[PDB]
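J.: Can you read through this structure? Questions will come right after.
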Amino acid sequence: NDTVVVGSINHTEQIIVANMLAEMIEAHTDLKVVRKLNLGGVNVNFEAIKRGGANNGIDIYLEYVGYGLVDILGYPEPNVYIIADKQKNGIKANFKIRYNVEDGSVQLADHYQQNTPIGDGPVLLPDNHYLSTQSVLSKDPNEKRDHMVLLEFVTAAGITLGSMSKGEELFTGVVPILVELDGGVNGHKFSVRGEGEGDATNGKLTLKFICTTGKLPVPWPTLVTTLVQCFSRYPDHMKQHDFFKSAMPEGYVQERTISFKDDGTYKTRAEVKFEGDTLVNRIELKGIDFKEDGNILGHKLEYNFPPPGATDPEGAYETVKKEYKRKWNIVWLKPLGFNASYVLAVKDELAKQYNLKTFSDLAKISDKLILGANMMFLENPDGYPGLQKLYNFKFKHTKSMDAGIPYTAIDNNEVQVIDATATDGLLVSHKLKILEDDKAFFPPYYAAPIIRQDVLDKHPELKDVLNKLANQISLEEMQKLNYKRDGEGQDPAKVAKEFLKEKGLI
């Protein structure tokens, strides 16, 4: 090799830092650096780097730990938001599940869920909250049948600090569980049976499943969500939000639509109820329009669910590095220093007129306020609808604005709240208050360069050269650099080069 390709998307911080990476490589090596702009969606850099520099892709770019974890890998298993569904006298949920593919890619399955009580009496209808599941899938080494051993921990959270429904009394001990599933996928009939126990006090479930008709025609991981949320641990101050146990012993119907991106659809209908002492989940599943050689019917998914992968930024970085390496032979280098997390911004004055310290405070005053957000933040499911689920934001008029017209808007007080990233320098110049994500809906976005192992094999010096930037850019420094371009109009290449010169890095 003789050239390496550094990519950016058409955004200020990306162009500045990409220029910095290029300047560092040129100052400390004898390589020629191609500077390649990518247009479009937020994962165009990732697609480019999988292409590689030799195929009109890129070799290097700045990625963010939290985006790699949450949006690409789908780690850890998602929080599943439980929302009351009046029309069903029950609850509903919408969430995304990701499965690892054997070629390294990631398969998405959009889940849509509705639950309805079987009995005629009153049930608990919850305020917005979420269930957090950790799933461990394993094999019984001795077992000849097609099977899945499953352990799960499930906890309700998201609401901060009689006393339980009558149905909850059925869950104080260890409850035997029976699961029965009859299915057809593209007309391939199959049946699954599972046995085990649930211990809601510890939010713990243990089950073994066997396919009773021979080979399972779909991968076991795609059946986990289908194969008993009544075993969640609700903390004491939240037990009034446990619909699932309040419907017991008569039970509830659970219906899902599961849409696999670029593949078929599952529809499921299940009854979850006590039969004698046993909690039974009986399911009918029908899968339609699957590719016989796609990821599901072709059995191209890995046998696993997301790792626990300790949640502090050190653990997040370790997991994202391990997995990018394993899945795509992409190498995360050291973090630059700044955390470019999503925040909401209000006027500095309107803020301490209501003592706005966190996102909760803004939600309490949210009726009086309008939110002029950006459009690929309003539309993204992972974006503002999820944040609304966790905070119950009553911005009953919010505007879908494109580029930084929202800044003039909040200055014009057309609008009271805007969405921003913590490194936007225009937040300082515009006199704005960054509110804290106190319930931590957004993961940290620590920025780091990433590079193909491809390119490091041919030019090992790149690893140390790019790591010369480790911890060299604080959040305040990134804000100032971004301001030089956005607020002062300076050339981003000159901004990058001058910053490196002044620090003695080139």
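Letters for chains follow the order of the structure tokens (A, B, ...), residue numbers begin at 1 for each chain, and ligand numbers begin at 1 in the order shown.
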Taking the backbone alone, and naming residues the way the document does, which bits of region 178-332 of chain A are strand (DSSP E) by DSSP, as a VMD selection string?
T.: chain A and resid 178 to 185 188 to 199 204 to 211 252 to 260 265 to 275 278 to 288 330 to 332
J.: Just the residues within 8 Å of residue 94 (chain A), please, counting only C-alpha atoms, with nothing from its chain fewer than 6 positions along; format it as number ranges by chain.
T.: A: 80-81, 110-113
J.: Show me, as a PyMOL selection string, the residues that have an atom within 6 Å of region 265-282 of chain A when counting only C-alpha atoms, minus same-chain residues fewer than 6 positions from it.
T.: chain A and resi 176-181+249-259+288
J.: Those selected residues, please, written with N, CA, C and O atoms and delivered as a CSV table (one decimal), in the first residue's frame.
T.:
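Output contents, as saved in out06.csv:
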chain,number,residue,atom,x,y,z
A,176,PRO,N,-43.3,-23.2,38.6
A,176,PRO,CA,-43.0,-24.0,37.4
A,176,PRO,C,-43.6,-23.3,36.2
A,176,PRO,O,-44.7,-22.7,36.2
A,177,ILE,N,-42.9,-23.4,35.1
A,177,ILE,CA,-43.3,-22.8,33.8
A,177,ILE,C,-43.3,-23.9,32.8
A,177,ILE,O,-42.4,-24.8,32.7
A,178,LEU,N,-44.4,-23.9,31.9
A,178,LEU,CA,-44.5,-24.7,30.8
A,178,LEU,C,-44.7,-23.8,29.6
A,178,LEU,O,-45.6,-22.9,29.6
A,179,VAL,N,-44.0,-24.0,28.5
A,179,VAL,CA,-44.1,-23.3,27.3
A,179,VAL,C,-44.4,-24.3,26.2
A,179,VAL,O,-43.8,-25.3,26.0
A,180,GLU,N,-45.5,-24.0,25.4
A,180,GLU,CA,-45.8,-24.8,24.2
A,180,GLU,C,-46.0,-23.9,23.0
A,180,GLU,O,-46.8,-22.9,23.1
A,181,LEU,N,-45.3,-24.2,21.9
A,181,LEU,CA,-45.4,-23.4,20.7
A,181,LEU,C,-45.6,-24.3,19.5
A,181,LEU,O,-44.9,-25.3,19.3
A,249,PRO,N,-54.7,-15.0,38.2
A,249,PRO,CA,-54.4,-16.2,37.5
A,249,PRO,C,-55.0,-16.3,36.1
A,249,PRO,O,-54.5,-17.2,35.3
A,250,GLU,N,-56.1,-15.6,35.7
A,250,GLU,CA,-56.8,-15.8,34.5
A,250,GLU,C,-55.9,-15.5,33.3
A,250,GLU,O,-56.0,-16.2,32.2
A,251,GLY,N,-54.9,-14.6,33.4
A,251,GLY,CA,-53.9,-14.4,32.4
A,251,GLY,C,-54.1,-13.3,31.4
A,251,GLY,O,-55.0,-12.5,31.5
A,252,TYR,N,-53.2,-13.3,30.4
A,252,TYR,CA,-53.3,-12.3,29.3
A,252,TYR,C,-53.0,-13.0,28.0
A,252,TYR,O,-52.3,-14.0,27.9
A,253,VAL,N,-53.6,-12.4,26.9
A,253,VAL,CA,-53.2,-12.7,25.6
A,253,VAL,C,-52.0,-11.8,25.2
A,253,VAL,O,-52.1,-10.6,25.5
A,254,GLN,N,-51.0,-12.3,24.5
A,254,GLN,CA,-49.9,-11.6,24.1
A,254,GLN,C,-49.7,-11.8,22.6
A,254,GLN,O,-49.5,-12.9,22.1
A,255,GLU,N,-49.8,-10.7,21.8
A,255,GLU,CA,-49.7,-10.8,20.3
A,255,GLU,C,-48.6,-10.0,19.8
A,255,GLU,O,-48.3,-8.8,20.3
A,256,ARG,N,-47.8,-10.5,18.9
A,256,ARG,CA,-46.7,-9.8,18.3
A,256,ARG,C,-46.7,-9.9,16.8
A,256,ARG,O,-47.2,-10.9,16.2
A,257,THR,N,-46.2,-8.8,16.2
A,257,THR,CA,-45.7,-8.8,14.8
A,257,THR,C,-44.2,-8.6,14.9
A,257,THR,O,-43.7,-7.7,15.5
A,258,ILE,N,-43.4,-9.5,14.2
A,258,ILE,CA,-41.9,-9.4,14.2
A,258,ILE,C,-41.5,-9.4,12.8
A,258,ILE,O,-41.6,-10.4,12.1
A,259,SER,N,-41.0,-8.2,12.3
A,259,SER,CA,-40.6,-8.0,11.0
A,259,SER,C,-39.1,-8.0,10.9
A,259,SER,O,-38.4,-7.2,11.4
A,288,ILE,N,-44.2,-15.8,7.5
A,288,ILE,CA,-44.6,-15.7,6.1
A,288,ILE,C,-43.5,-14.9,5.3
A,288,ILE,O,-42.9,-14.0,5.8
J.: Show which residues sit within 8 Å of region 226-233 of chain A, as an MDAnalysis selection string. Count only C-alpha atoms, and ignore same-chain residues fewer than 6 positions away.
T.: chainID A and resid 131 153:156 171 179 181 198:205 242 244:245 268 272 281 283
J.: Extract, using only C-alpha atoms, all DNA, RNA and protein residues at most 10 Å from residue 216 (chain A), discarding same-chain residues fewer than 4 positions from it, and format them as a ChimeraX atom specification.
T.: /A:145-147,188-192,210-212,220,297,299
J.: May I have the residues from that selection written out with N, CA, C and O atoms, as a CSV table (one decimal), in the first residue's frame?
T.:
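Result saved to again09.csv:
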chain,number,residue,atom,x,y,z
A,145,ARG,N,-31.3,-33.7,21.1
A,145,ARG,CA,-32.3,-33.0,20.4
A,145,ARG,C,-31.9,-31.6,20.1
A,145,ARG,O,-31.1,-31.0,20.8
A,146,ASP,N,-32.6,-31.1,19.1
A,146,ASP,CA,-32.5,-29.6,18.8
A,146,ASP,C,-33.1,-28.9,20.0
A,146,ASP,O,-34.2,-29.1,20.3
A,147,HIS,N,-32.3,-28.0,20.6
A,147,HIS,CA,-32.7,-27.4,21.9
A,147,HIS,C,-32.0,-26.1,22.2
A,147,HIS,O,-31.1,-25.7,21.4
A,188,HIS,N,-43.3,-24.7,6.7
A,188,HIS,CA,-42.6,-25.6,7.4
A,188,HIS,C,-43.2,-25.7,8.9
A,188,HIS,O,-42.9,-24.7,9.6
A,189,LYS,N,-43.9,-26.7,9.2
A,189,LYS,CA,-44.5,-26.9,10.5
A,189,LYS,C,-43.5,-27.3,11.5
A,189,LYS,O,-42.6,-28.2,11.2
A,190,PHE,N,-43.6,-26.8,12.7
A,190,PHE,CA,-42.7,-27.3,13.8
A,190,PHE,C,-43.4,-27.0,15.1
A,190,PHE,O,-44.4,-26.3,15.2
A,191,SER,N,-42.8,-27.6,16.2
A,191,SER,CA,-43.4,-27.5,17.5
A,191,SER,C,-42.2,-27.4,18.5
A,191,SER,O,-41.2,-28.1,18.4
A,192,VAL,N,-42.4,-26.5,19.5
A,192,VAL,CA,-41.4,-26.4,20.6
A,192,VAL,C,-42.0,-26.6,21.9
A,192,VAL,O,-43.2,-26.1,22.1
A,210,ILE,N,-37.0,-27.8,23.7
A,210,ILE,CA,-36.7,-28.7,22.7
A,210,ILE,C,-37.6,-28.6,21.5
A,210,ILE,O,-38.8,-28.3,21.7
A,211,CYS,N,-37.1,-28.8,20.4
A,211,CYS,CA,-38.0,-28.9,19.2
A,211,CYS,C,-38.5,-30.3,19.2
A,211,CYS,O,-37.8,-31.3,19.0
A,212,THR,N,-39.9,-30.5,19.3
A,212,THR,CA,-40.4,-31.9,19.4
A,212,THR,C,-40.7,-32.5,18.0
A,212,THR,O,-41.2,-33.6,17.9
A,220,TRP,N,-32.8,-20.6,16.8
A,220,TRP,CA,-33.3,-20.5,18.2
A,220,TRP,C,-33.4,-19.1,18.7
A,220,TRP,O,-34.3,-18.7,19.3
A,297,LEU,N,-34.3,-18.9,7.4
A,297,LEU,CA,-34.5,-20.2,7.0
A,297,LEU,C,-33.2,-20.9,6.6
A,297,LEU,O,-33.1,-22.1,6.7
A,299,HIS,N,-30.5,-20.5,8.4
A,299,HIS,CA,-29.7,-20.7,9.7
A,299,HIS,C,-28.4,-20.1,9.6
A,299,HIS,O,-27.3,-20.7,9.8
J.: Between A:434, A:97, A:500, A:285, single out the one closest to residue 19 (chain A), counting only C-alpha atoms.
T.: A:500
J.: Hey, what's within 12 Å of residue 323 (chain A) if we count only C-alpha atoms and toss same-chain stuff fewer than 3 positions away? As a PyMOL selection string, please?
T.: chain A and resi 65+68-69+72-75+100+104-106+306-307+309+316-320+326-332
J.: Please, could you write that set of residues out with C-alpha atoms as a PDB file, in the first residue's frame?
T.:
ATOM      1  CA  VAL A  65     -18.674   4.187  21.189  1.00  0.00           C
ATOM      2  CA  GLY A  68     -21.507   1.447  17.711  1.00  0.00           C
ATOM      3  CA  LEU A  69     -22.922  -0.301  20.767  1.00  0.00           C
ATOM      4  CA  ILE A  72     -24.983  -1.023  15.150  1.00  0.00           C
ATOM      5  CA  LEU A  73     -24.556  -4.019  17.461  1.00  0.00           C
ATOM      6  CA  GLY A  74     -27.736  -3.549  19.505  1.00  0.00           C
ATOM      7  CA  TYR A  75     -25.876  -4.149  22.843  1.00  0.00           C
ATOM      8  CA  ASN A 100     -25.498 -11.594  14.859  1.00  0.00           C
ATOM      9  CA  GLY A 104     -20.284 -10.622  10.547  1.00  0.00           C
ATOM     10  CA  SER A 105     -23.388  -8.604   9.671  1.00  0.00           C
ATOM     11  CA  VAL A 106     -26.358  -7.815  11.946  1.00  0.00           C
ATOM     12  CA  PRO A 306     -26.009  -9.594  23.615  1.00  0.00           C
ATOM     13  CA  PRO A 307     -23.362  -9.744  26.349  1.00  0.00           C
ATOM     14  CA  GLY A 309     -20.706  -6.000  28.799  1.00  0.00           C
ATOM     15  CA  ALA A 316     -18.696  -0.098  26.606  1.00  0.00           C
ATOM     16  CA  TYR A 317     -15.417   0.653  24.805  1.00  0.00           C
ATOM     17  CA  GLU A 318     -14.013  -2.801  25.569  1.00  0.00           C
ATOM     18  CA  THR A 319     -17.110  -4.533  24.183  1.00  0.00           C
ATOM     19  CA  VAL A 320     -17.374  -2.398  21.054  1.00  0.00           C
ATOM     20  CA  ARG A 326     -14.420 -10.169  15.763  1.00  0.00           C
ATOM     21  CA  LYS A 327     -17.220  -9.273  13.327  1.00  0.00           C
ATOM     22  CA  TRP A 328     -15.593  -7.028  10.713  1.00  0.00           C
ATOM     23  CA  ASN A 329     -11.848  -6.982  11.513  1.00  0.00           C
ATOM     24  CA  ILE A 330     -12.158  -3.290  12.421  1.00  0.00           C
ATOM     25  CA  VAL A 331      -9.899  -1.887  15.149  1.00  0.00           C
ATOM     26  CA  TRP A 332     -10.949   0.805  17.616  1.00  0.00           C
TER      27      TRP A 332
END
J.: Calculate how many Å separate CA of residue 336 (chain A) from CA of residue 468 (chain A), rounding to one decimal.
T.: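 Taking CA of residue 336 (chain A) and CA of residue 468 (chain A), their separation equals 9.3 Å.
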J.: For residue 406 (chain A), please output as a list in words all residues within 10 Å (counting only C-alpha atoms; exclusion window: fewer than 3 positions along the same chain).
T.: residues 371, 372, 373, 374, 399, 400, 401, 402, 403, 409, 410, 411, 412, 413, 414, 415, 416, 417, 418, 419 and 420 of chain A
J.: Give the answer as one residue: which of A:469, A:91, A:301, A:432 has the shortest atom-to-atom distance to residue 504 (chain A), using only C-alpha atoms?
T.: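 Result for the nearest residue to residue 504 (chain A): A:469.
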J.: Tell me, which residues of region 389-486 of chain A carry DSSP alpha helix (DSSP H), written as number ranges by chain?
T.: A: 389-391, 405-411, 426-429, 453-458, 461-467, 475-486
J.: Could the residues in this selection be saved with C-alpha atoms as a tab-separated table (two decimals), in the first residue's frame?
T.:
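Generated file (out12.tsv):
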chain	number	residue	atom	x	y	z
A	389	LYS	CA	-41.44	7.20	26.26
A	390	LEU	CA	-38.90	7.55	29.05
A	391	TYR	CA	-39.76	11.13	30.03
A	405	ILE	CA	-32.45	27.33	11.75
A	406	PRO	CA	-33.49	25.94	15.19
A	407	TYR	CA	-30.80	28.18	16.74
A	408	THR	CA	-32.30	31.33	15.24
A	409	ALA	CA	-35.65	29.84	16.29
A	410	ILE	CA	-34.80	29.57	20.00
A	411	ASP	CA	-33.19	33.03	19.83
A	426	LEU	CA	-22.97	27.53	19.02
A	427	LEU	CA	-24.43	26.49	22.40
A	428	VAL	CA	-21.96	28.78	24.17
A	429	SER	CA	-22.21	31.78	21.84
A	453	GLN	CA	-7.09	-4.34	10.39
A	454	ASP	CA	-6.45	-4.57	6.61
A	455	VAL	CA	-4.56	-1.32	6.72
A	456	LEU	CA	-2.81	-1.81	10.07
A	457	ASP	CA	-1.33	-5.09	8.77
A	458	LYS	CA	0.20	-3.20	5.85
A	461	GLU	CA	2.88	2.54	12.45
A	462	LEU	CA	-0.65	3.95	11.98
A	463	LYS	CA	-1.67	2.49	15.35
A	464	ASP	CA	0.81	4.53	17.36
A	465	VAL	CA	0.46	7.56	15.07
A	466	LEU	CA	-3.31	7.91	15.50
A	467	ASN	CA	-3.00	7.08	19.18
A	475	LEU	CA	-15.07	18.65	25.30
A	476	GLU	CA	-14.32	22.36	25.71
A	477	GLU	CA	-11.62	22.16	23.04
A	478	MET	CA	-13.98	20.41	20.61
A	479	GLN	CA	-16.62	23.07	21.33
A	480	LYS	CA	-14.11	25.86	20.55
A	481	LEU	CA	-12.94	24.17	17.34
A	482	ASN	CA	-16.52	23.57	16.19
A	483	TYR	CA	-17.32	27.23	16.98
A	484	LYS	CA	-14.41	28.44	14.82
A	485	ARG	CA	-16.17	26.96	11.79
A	486	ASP	CA	-19.87	27.20	12.66
J.: With distances taken over only C-alpha atoms, which residue among A:92, A:501, A:394, A:357 lies nearest residue 435 (chain A)?
T.: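 The answer is A:357, which sits nearest to residue 435 (chain A).
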J.: Quote the spacing between CA of residue 24 (chain A) and CA of residue 46 (chain A) in Å to one decimal place.
T.: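 Result for CA of residue 24 (chain A) versus CA of residue 46 (chain A): 21.5 Å, one decimal.
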J.: One number please: CA of residue 337 (chain A) to CA of residue 311 (chain A), in Å, one decimal.
T.: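 Pair CA of residue 337 (chain A) / CA of residue 311 (chain A) returns 18.4 Å.
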